[PDB]
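The block underneath contains the structure these notes are about, expressed in structure tokens.
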Amino acid sequence: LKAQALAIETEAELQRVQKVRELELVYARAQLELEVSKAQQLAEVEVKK
Amino acid sequence: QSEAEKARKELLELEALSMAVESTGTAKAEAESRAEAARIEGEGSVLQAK
């Protein structure tokens, strides 16, 4: 009976962790794109100066 | 006293069965009451987890 209850909590928790990870990767990739875009533009300002 | 001991062996052979029934019934009744409660709580726990 404990093995059934553990299988239920396992799939329920892993369904949550998978969706959280899918969104955190989508966001961290977007935040990376912003940090690179910032570094490229501010580095050009200093090179021109 | 020898005749009393011939009869007393048969009484002690019966008391050994009465004592086996009283001890096994007590031990079984307690153990099965725990097994029933733990099964009810386990089947309930599968639904609570669901």
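Observations, loosely collected:
- Within segment B:12-50, considering residues that are within 14 Å of chain A (Cβ to nearest Cβ) and among the hydrophobic types (A, V, I, L, M, F, W, C), the one nearest to A:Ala3 (Cα to Cα): B:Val46
- Close pairs from segment A:1-27: first within 22 Å of B:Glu41 (Cα to Cα), partner among the polar types (S, T, N, Q) and surrounded by 10 or more Cβ atoms within 10 Å (Cβ to Cβ), Cβ under 6 Å, at least 6 apart: A:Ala5/B:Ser45
Backbone-built Cβ (ideal geometry, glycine too); neighbour counts: all protein chains shown. Throughout, read-outs are computed from the coordinates displayed, never taken from laboratory work.
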